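K.L.:
Sharing a structure here in structure tokens format.
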Amino acid sequence: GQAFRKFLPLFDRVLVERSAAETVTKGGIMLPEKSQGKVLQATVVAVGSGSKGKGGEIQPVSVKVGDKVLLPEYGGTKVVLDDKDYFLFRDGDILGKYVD
Amino acid sequence: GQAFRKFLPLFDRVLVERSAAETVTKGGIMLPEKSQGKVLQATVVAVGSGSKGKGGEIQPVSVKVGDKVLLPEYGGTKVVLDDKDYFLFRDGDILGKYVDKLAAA
Amino acid sequence: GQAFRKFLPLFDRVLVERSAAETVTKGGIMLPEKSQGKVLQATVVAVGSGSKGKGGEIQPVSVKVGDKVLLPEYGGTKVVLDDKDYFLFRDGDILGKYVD
Amino acid sequence: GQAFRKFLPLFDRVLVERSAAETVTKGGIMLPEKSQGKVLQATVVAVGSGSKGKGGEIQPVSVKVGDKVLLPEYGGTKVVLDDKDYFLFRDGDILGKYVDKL
Amino acid sequence: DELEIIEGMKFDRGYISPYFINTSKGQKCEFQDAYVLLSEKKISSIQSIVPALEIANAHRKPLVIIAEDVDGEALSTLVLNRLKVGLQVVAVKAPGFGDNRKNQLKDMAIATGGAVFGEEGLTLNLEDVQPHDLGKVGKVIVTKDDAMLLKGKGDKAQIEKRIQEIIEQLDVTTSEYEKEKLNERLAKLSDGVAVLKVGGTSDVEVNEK
Amino acid sequence: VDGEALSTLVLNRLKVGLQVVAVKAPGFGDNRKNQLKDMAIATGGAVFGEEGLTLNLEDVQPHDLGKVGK
């Protein structure tokens, strides 16, 4: 398990930064900063050691740090770090990894 | 498992002190006592022996005493020792640990 | 597992006596007997054999008799022995033990 | 497993005789919940073979017949034998046994 | 005709319980050098009332309590500590209307020196009191019907500020509600107001005179 | 201006005499917008609340929004 900004998430948890939301979409047309809204693409920035429950041994989380990943629209809890916004999710809740 | 103020938490439980919430914000301006939430930064002060399950042998809790730790806003029970306020959580409920040391430079 | 006033609690259950609550608080001022409460400090007075679960063999309860212990405010059921009041809790429900 | 008045309870079940229940009325008047009857004293009169689970073999019930025992105020279901009232509980639901020998 | 002069803090509310009586002559509770506690909210609970009594027994002074009401377990503590260990406490109802009560209790706060508990905005809670949050009065007399407080100590500048506020209120106050004068008489007392009770043998005489 | 904002304003006004005051907008429905744009342009620039061009109250700068005199 690895941490970020002096913050280590516990057991199953993964910490992510939401990637910045669109201002000049598609047609050349600009949008107001209130128009959205939680972004579902996010880069992972921290990871828990893993879930003790899946044997007698710890099972590590399925995402490594620095991966691009797709969040669900509802879960996860906000955390604030010096002085910026990051979000914390269970490893199971995460839907997808972007590969490279 | 280790205790605090003559109090030992049982099975899975961790006891923590919430670190006091800001009354004087940035620069110099003070705020009213109702505007503060429950403060979610806390130092742990006591620890249970651990959860007997996920095996046959006891599994100890994932935090040591004196760690800085981040609570969830819900799911915690108040306890009072020597007329001071402390709070009690399950080890699973705790979200995060603040770390004591860096790796590289 | 050990018993009290001819009463043995079953499986995981623990029997406790609530230790008598304050009539003269702090300064010098007296309070009515029932005012607004239940006292949450209690000494354990009986103990079950154990829950047997998380295995095949019996797992004994985590407190021994005569320990000082801190109850939760909601659970547990009242029982009366020799016209005196005692209370019965699951071993898991108990929050804390007092050490010397 | 052992039975009573031609009645054998199954799996996990224990059949018990309750000392009279009604606390809600006294005489002719109604009463406010005190802990009006959170717990009943009763002697057990029948017993199931036991719960097949926590193994492959049957696990027998934790009380023997003729024990004095403390019921929870809820859960148990009434059964009637020879026009008399008896009550049926899960072995787990039972709170306590009364002992007979220091 | 009679001239009556009122000075102090008079209002028409009495002890909630007979057990509070101190004098046995007149059936009054009479106190001197007393504290006053002012609660804009009801006081039913124990935990909000008890520190206010510990602070009173500490400084060995009698305590008058003015509240929207005092009842539940609080009252039980009050007349238990009153009847068994002769503690000097009384509790009385707020002067009583609705929104008027706020101005009256804040008036008594300002006059007796100290602050009102319960919700205005900044809320001071009854659990956290200090002796400088109470009130201090030269004398107090209470009956079944009415309550009088005398020689209360507070900032005279701040009280004259208060009277200057109420007169400047009432004067521009297109009102059939004269209670503002009923307020003004109170906060003027112990500076004083004089009432002129005119006599005569018949209403028409009384009105001409 | 009310809720928690007013609570910050007072009691924090009653502290080492810094001066703040808060007043209701001249108001009355659709008129108040035109009035506030008047005071805005008069003191030279000023915008907050919902929008043409959106300026939010969390992001202020010392040159904001107009000034002022007495």
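Letters for chains follow the order of the structure tokens (A, B, ...), residue numbers begin at 1 for each chain, and ligand numbers begin at 1 in the order shown.
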Residues within 12 Å of residue B:37, please, as a ChimeraX atom specification. Count only C-alpha atoms; anything in the same chain fewer than 6 positions from it doesn't count.
P.N.:
/B:18,20-23,73-74
K.L.:
Any idea what's packed within 10 Å of stretch 8-13 of chain D, counting only C-alpha atoms, ignoring anything in its chain fewer than 6 positions away? Could you give it as JSON, numbers by chain?
P.N.:
{"D": [1, 2, 46, 47, 48, 49, 50, 51, 52, 53, 58, 59, 60, 61, 62, 76, 88, 89, 90, 91, 92, 93]}
K.L.:
Include N, CA and C atoms and write out the residues we just selected as an mmCIF file, in the first residue's frame.
P.N.:
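Once everything was written out, this is selection_35.cif:
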data_model
loop_
_atom_site.group_PDB
_atom_site.id
_atom_site.type_symbol
_atom_site.label_atom_id
_atom_site.label_comp_id
_atom_site.auth_asym_id
_atom_site.auth_seq_id
_atom_site.Cartn_x
_atom_site.Cartn_y
_atom_site.Cartn_z
ATOM 1 N N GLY D 1 -33.134 -36.040 20.875
ATOM 2 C CA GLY D 1 -34.290 -35.179 21.034
ATOM 3 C C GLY D 1 -35.434 -35.871 21.750
ATOM 4 N N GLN D 2 -36.135 -35.127 22.600
ATOM 5 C CA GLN D 2 -37.183 -35.701 23.436
ATOM 6 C C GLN D 2 -38.463 -34.877 23.350
ATOM 7 N N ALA D 46 -40.181 -29.777 26.345
ATOM 8 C CA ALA D 46 -39.851 -30.563 25.155
ATOM 9 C C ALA D 46 -38.666 -29.971 24.394
ATOM 10 N N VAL D 47 -38.019 -30.801 23.578
ATOM 11 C CA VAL D 47 -36.766 -30.423 22.929
ATOM 12 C C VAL D 47 -36.598 -31.060 21.543
ATOM 13 N N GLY D 48 -36.124 -30.270 20.580
ATOM 14 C CA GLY D 48 -35.845 -30.768 19.242
ATOM 15 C C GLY D 48 -34.557 -31.568 19.153
ATOM 16 N N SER D 49 -34.397 -32.330 18.074
ATOM 17 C CA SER D 49 -33.177 -33.108 17.861
ATOM 18 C C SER D 49 -31.936 -32.224 17.765
ATOM 19 N N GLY D 50 -32.103 -31.030 17.207
ATOM 20 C CA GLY D 50 -30.996 -30.104 17.056
ATOM 21 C C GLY D 50 -30.807 -29.586 15.643
ATOM 22 N N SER D 51 -29.988 -28.546 15.515
ATOM 23 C CA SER D 51 -29.757 -27.869 14.242
ATOM 24 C C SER D 51 -28.633 -28.520 13.439
ATOM 25 N N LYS D 52 -28.972 -29.001 12.247
ATOM 26 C CA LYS D 52 -28.028 -29.689 11.369
ATOM 27 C C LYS D 52 -26.764 -28.876 11.069
ATOM 28 N N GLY D 53 -26.846 -27.560 11.252
ATOM 29 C CA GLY D 53 -25.794 -26.651 10.835
ATOM 30 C C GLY D 53 -24.638 -26.476 11.805
ATOM 31 N N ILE D 58 -25.668 -33.235 13.107
ATOM 32 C CA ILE D 58 -26.629 -32.472 13.891
ATOM 33 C C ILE D 58 -25.983 -31.940 15.162
ATOM 34 N N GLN D 59 -26.236 -30.673 15.464
ATOM 35 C CA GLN D 59 -25.808 -30.108 16.733
ATOM 36 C C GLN D 59 -27.004 -29.978 17.678
ATOM 37 N N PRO D 60 -26.962 -30.679 18.825
ATOM 38 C CA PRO D 60 -28.089 -30.709 19.767
ATOM 39 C C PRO D 60 -28.304 -29.388 20.503
ATOM 40 N N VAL D 61 -29.508 -29.192 21.033
ATOM 41 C CA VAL D 61 -29.888 -27.929 21.658
ATOM 42 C C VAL D 61 -29.221 -27.776 23.025
ATOM 43 N N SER D 62 -29.043 -26.530 23.455
ATOM 44 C CA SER D 62 -28.222 -26.236 24.627
ATOM 45 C C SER D 62 -28.930 -26.441 25.968
ATOM 46 N N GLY D 76 -41.384 -16.169 20.629
ATOM 47 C CA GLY D 76 -42.034 -17.461 20.774
ATOM 48 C C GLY D 76 -43.474 -17.569 20.309
ATOM 49 N N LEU D 88 -43.331 -22.019 22.181
ATOM 50 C CA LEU D 88 -42.280 -22.646 21.395
ATOM 51 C C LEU D 88 -41.261 -21.603 20.948
ATOM 52 N N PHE D 89 -39.991 -21.878 21.235
ATOM 53 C CA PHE D 89 -38.915 -20.906 21.057
ATOM 54 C C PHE D 89 -37.742 -21.523 20.311
ATOM 55 N N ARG D 90 -36.939 -20.687 19.663
ATOM 56 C CA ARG D 90 -35.681 -21.149 19.095
ATOM 57 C C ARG D 90 -34.663 -21.300 20.225
ATOM 58 N N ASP D 91 -33.745 -22.255 20.099
ATOM 59 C CA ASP D 91 -32.745 -22.476 21.143
ATOM 60 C C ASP D 91 -31.865 -21.245 21.347
ATOM 61 N N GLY D 92 -31.591 -20.534 20.259
ATOM 62 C CA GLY D 92 -30.802 -19.317 20.317
ATOM 63 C C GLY D 92 -31.497 -18.181 21.041
ATOM 64 N N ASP D 93 -32.815 -18.106 20.885
ATOM 65 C CA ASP D 93 -33.600 -17.014 21.452
ATOM 66 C C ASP D 93 -33.611 -17.031 22.980
#
K.L.:
If we count only C-alpha atoms, what is near stretch 24-37 of chain D at a cut-off of 12 Å, once residues fewer than 6 positions away on the same chain are taken out, given as an MDAnalysis selection string?
P.N.:
(chainID C and resid 77:80 85 87) or (chainID D and resid 70:74)
K.L.:
Taking only C-alpha atoms into account, find every residue of chain A that has an atom no more than 10 Å from chain F, and write it out as a PyMOL selection string.
P.N.:
chain A and resi 32-34
K.L.:
Among chain F, which ones does DSSP assign to alpha helix (DSSP H) (computed from the backbone)? Answer as a PyMOL selection string.
P.N.:
chain F and resi 3-12+31-43
K.L.:
Deliver the residues from the most recent selection as a file, using N, CA and C atoms, as a short mmCIF file (atom, residue, chain, number, x, y, z; two decimals), in the first residue's frame.
P.N.:
data_model
loop_
_atom_site.label_atom_id
_atom_site.label_comp_id
_atom_site.auth_asym_id
_atom_site.auth_seq_id
_atom_site.Cartn_x
_atom_site.Cartn_y
_atom_site.Cartn_z
N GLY F 3 -28.81 33.65 7.98
CA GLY F 3 -28.27 32.39 8.47
C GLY F 3 -26.94 32.42 9.20
N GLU F 4 -25.99 31.62 8.71
CA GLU F 4 -24.68 31.52 9.34
C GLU F 4 -23.79 32.73 9.04
N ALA F 5 -23.94 33.31 7.85
CA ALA F 5 -23.23 34.53 7.47
C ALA F 5 -23.37 35.66 8.50
N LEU F 6 -24.61 35.97 8.86
CA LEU F 6 -24.90 37.02 9.83
C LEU F 6 -24.27 36.66 11.17
N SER F 7 -24.27 35.37 11.48
CA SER F 7 -23.71 34.89 12.74
C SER F 7 -22.21 35.15 12.78
N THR F 8 -21.54 34.95 11.64
CA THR F 8 -20.14 35.32 11.57
C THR F 8 -19.95 36.83 11.71
N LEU F 9 -20.79 37.61 11.02
CA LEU F 9 -20.63 39.06 10.98
C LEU F 9 -20.72 39.61 12.39
N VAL F 10 -21.76 39.18 13.09
CA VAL F 10 -21.91 39.43 14.51
C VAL F 10 -22.19 38.04 15.04
N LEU F 11 -21.39 37.54 15.98
CA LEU F 11 -20.50 38.32 16.85
C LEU F 11 -19.11 38.84 16.40
N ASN F 12 -18.56 38.45 15.25
CA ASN F 12 -17.16 38.86 14.98
C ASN F 12 -16.95 40.38 14.80
N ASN F 31 -36.68 44.83 -10.19
CA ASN F 31 -36.07 46.16 -10.07
C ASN F 31 -34.68 46.16 -9.42
N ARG F 32 -34.52 45.30 -8.41
CA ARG F 32 -33.31 45.25 -7.61
C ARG F 32 -32.07 44.92 -8.43
N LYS F 33 -32.23 44.11 -9.48
CA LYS F 33 -31.10 43.81 -10.34
C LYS F 33 -30.60 45.09 -11.02
N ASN F 34 -31.53 45.89 -11.55
CA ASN F 34 -31.17 47.12 -12.23
C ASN F 34 -30.55 48.12 -11.26
N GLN F 35 -31.05 48.11 -10.03
CA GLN F 35 -30.49 49.00 -9.02
C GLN F 35 -29.07 48.59 -8.64
N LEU F 36 -28.87 47.30 -8.41
CA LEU F 36 -27.54 46.81 -8.06
C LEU F 36 -26.56 47.01 -9.20
N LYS F 37 -27.00 46.89 -10.45
CA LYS F 37 -26.09 47.17 -11.55
C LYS F 37 -25.77 48.67 -11.56
N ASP F 38 -26.75 49.50 -11.18
CA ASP F 38 -26.48 50.93 -11.02
C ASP F 38 -25.38 51.22 -9.99
N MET F 39 -25.52 50.65 -8.79
CA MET F 39 -24.52 50.90 -7.76
C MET F 39 -23.16 50.32 -8.15
N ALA F 40 -23.21 49.17 -8.82
CA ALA F 40 -22.04 48.52 -9.40
C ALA F 40 -21.26 49.44 -10.33
N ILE F 41 -21.95 49.93 -11.35
CA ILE F 41 -21.32 50.77 -12.36
C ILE F 41 -20.86 52.08 -11.73
N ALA F 42 -21.60 52.56 -10.74
CA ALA F 42 -21.28 53.82 -10.07
C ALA F 42 -19.98 53.72 -9.28
N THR F 43 -19.83 52.65 -8.51
CA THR F 43 -18.63 52.48 -7.70
C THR F 43 -17.55 51.90 -8.62
#
K.L.:
Write out as a ChimeraX atom specification each polymer residue whose atoms come within 12 Å of residue D:43, counting only C-alpha atoms; drop sequence neighbours fewer than 3 positions from it.
P.N.:
/D:14-20,40,46-47,63-71,86-88,94,96-98
